[PDB]
Q: 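Sharing a structure below in structure tokens format, with a few things to ask.
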Amino acid sequence: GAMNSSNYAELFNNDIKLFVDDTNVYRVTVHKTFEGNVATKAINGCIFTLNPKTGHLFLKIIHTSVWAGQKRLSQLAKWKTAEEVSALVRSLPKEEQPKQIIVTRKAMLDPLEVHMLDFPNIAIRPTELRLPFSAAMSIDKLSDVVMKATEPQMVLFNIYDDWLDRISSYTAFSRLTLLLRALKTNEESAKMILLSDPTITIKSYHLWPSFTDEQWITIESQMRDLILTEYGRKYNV
Amino acid sequence: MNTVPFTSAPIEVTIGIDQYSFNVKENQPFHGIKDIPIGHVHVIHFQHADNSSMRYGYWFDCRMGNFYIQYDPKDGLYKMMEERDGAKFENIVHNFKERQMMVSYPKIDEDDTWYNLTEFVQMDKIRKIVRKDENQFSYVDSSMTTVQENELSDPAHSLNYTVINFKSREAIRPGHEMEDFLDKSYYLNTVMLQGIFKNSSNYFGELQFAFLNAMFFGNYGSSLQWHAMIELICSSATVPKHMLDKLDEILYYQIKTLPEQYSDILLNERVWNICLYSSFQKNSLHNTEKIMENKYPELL
Ligand SMILES: CS(=O)(=O)N(Cc1cccs1)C1CC1
């Protein structure tokens with residue numbers, strides 16, 4: 001059934017599972033036309049498919065050409081997501097295929113279930129968690145590879161960098177969701193926190209800065225302050 | 001005009017014959033139903049006064065044999081049986097008619113209700129849904145489950161309706177996932193009509209039989225089947241025009257006949273709202289939409 005606060009440690013057991021987030025698949029800019037009407041222009045998007053135990057991120061870039069000549073694009077986007085996730089699963093060796101796929105939005109359940117009929121033993125699950133994976137395009141290297149794509153492309157990243165050498169996958173996921181929640185509530189401030197100190201760099205093969213353990217505690221504190229504030233600045237408290 | 005005699009009525013029971021019904025008291029001198037129209041299937045059905053649990057009954061066609069009812073005190077129900085001795089039967093029936101111990105099938109001449117509800121229903125197809133090959137008539141009751149229900153447990157006592165499942169490999173062509181899920185025409189026309197049912201008459205017959213089992217016995221799996229067969233048509237963008245017109249007539253008479261007080265349990269809100277207002281066929285069921293809106297506007 002649904003994934004929620006009660007069954008949170010299930011994410012870090014030894015049954016392979018993937019989160020799928022479709023919120024950045026179909027992306028547009030809304031603009032005025034010369035006649036004063038409104039139109040959309042699509043920009044490149046991505047499927048965010050994440051193994052929360054290992055940090056393995058399968059980033060399928062959705063090039064704007066996939067929408068050419070198509071109607072009802074927000075509906076098509078869900079089915080295209082399910083088509084690409086199903087293709088990913090089929091591409092993996094049997095022993096790497098997931099036992100469960102957790103979709104971050106309930107509207108992905110039927111598209112994914114239909115595309116995975118060949119895999120009756122893979123459970124398709126919703127979640128009651130409000131996960132911040134939409135903010136993945138606030139990670140500069142992810143945004144960069146999506147916007148530069150000239151064709152459909154899959155890019156492999158570890159979203160935890162090397163953190164698992166020092167912390168557990170529960171702690172890594174909590175850090176990730178904190179960073180992404182911060183980036184989603186106030187991107188400019190979050191990014192200031194992460195880069196304010198020029199002596200801490202991002203390794204070429206990493207997504208986030210090379211913080212020491214002590215510096216991650218300070219960073220994480222600064223992100224929680226941000227989220228509470230914005231929650232005040234928002235609701236005035 | 002044919003007759004179904006009763007040996008006796010030892011327990012108090014409400015007896016239905018098609019859409020009609022009458023109460024019989026314990027040991028009342030009741031010896032059956034005469035003047036049953038030839039040319040239609042019929043159902044004779046029972047609800048005991050002491051146990052309103054288990055409505056049950058028998059589908060039959062008087063052209064296929066001479067049938068009668070006899071109470072069995074061991075199994076505790078009224079049983080249909082076939083009398084093979086045609087002269088013994090005619091003699092029994094004539095004696096009971098002479099003594100006026102039979103109710104008359106009370107059809108109003110203007111009234112096409114039963115024809116309209118059973119237009120495509122054939123005994124030979126009933127006997128494939130309800131498997132009991134040694135009898136010419138078919139027993140159904142409130143509790144019998146369907147084959148599809150048994151997959152999600154006695155197979156001999158099951159309703160073998162055609163399995164319809166919108167999220168199944170049968171319904172969804174590899175590579176046409178979105179197309180086939182959002183427009184079920186290939187599943188309707190190729191898989192079900194051309195492949196399984198062979199023609200729309202057999203499809204309508206099973207749809208009508210499922211409705212009648214839902215209405216007369218409260219059979220839940222039959223209600224599921226009826227709604228599934230409606231939704232498969234309404235969810236198809238490409239349906240032969242004669243089928244849509246006929247579906248509108250079929251459903252109109254079903255909704256007309258449904259007891260007002262059972263609409264809460266026999267009608268699925270989601271299916272009907274989808275079929276009448278969201279589906280491809282939202283504008284193709286004028287008669288059905290008009291009676292639904294005037295009779296059950298709450299559901300919608
Ligand atoms: C950087 S890593 O070591 O974790 N890794 C493994 C991955 C497989 C799928 C997504 S990442 C990249 C080389 C691929």
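FYI, side chains are in, hydrogens and waters are out, and symmetry mates aren't considered; it's all heavy atoms of this structure. All ligand and atom numbering here is 1-based and tracks the order in the structure. Sequence lines set the chain letters: A, B, ... in the order given, protein chains first and strands last, and positions in each chain run from 1.
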Q: Under 6.0 Å between ring centres: does that hold for B:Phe166 and B:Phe181?
A: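 Not under 6.0 Å, so no.
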Q: With a 4.0 angstrom cut-off on heavy atoms, strictly below it, pick out the residues next to ligand 1 and order them by chain and number.
A: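 A:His56, A:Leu57, A:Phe58, A:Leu156, A:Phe157, A:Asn158.
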Q: Say you draw a straight line from CD1 of A:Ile62 to CD of A:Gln153; how long is it, rounded to the nearest 0.5 Å?
A: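 If we round to the nearest 0.5 Å, A:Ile62:CD1 and A:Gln153:CD are 11.5 Å apart.
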Q: Show every salt bridge (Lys or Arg N to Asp or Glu O under 4.0 Å) that has at least one partner inside residues 66-76 of chain A, sequence neighbours left out.
A: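 Listed by first then second residue: nothing to list.
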Q: By side chain to side chain contact (heavy atoms under 4.5 Å, CB included), which residues pair with A:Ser65, not counting sequence neighbours?
A: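 Testing A:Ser65 for side chain to side chain contact (heavy atoms under 4.5 Å, CB included), a comparison that skips the adjacent residues, returns A:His63.
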Q: Tell me, please, which residues at least two apart from B:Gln254 pass side chain to side chain contact (heavy atoms under 4.5 Å, CB included).
A: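 Partners of B:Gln254 under the side chain to side chain contact (heavy atoms under 4.5 Å, CB included) test: B:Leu117, B:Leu207, B:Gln208, B:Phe211, B:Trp226, B:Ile250, B:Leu251.
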Q: Would a line drawn from the ring center of A:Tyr170 to the ring center of A:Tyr8 be shorter than 6.0 Å?
A: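 Yes, they do, as the ring centres are separated by less than 6.0 Å.
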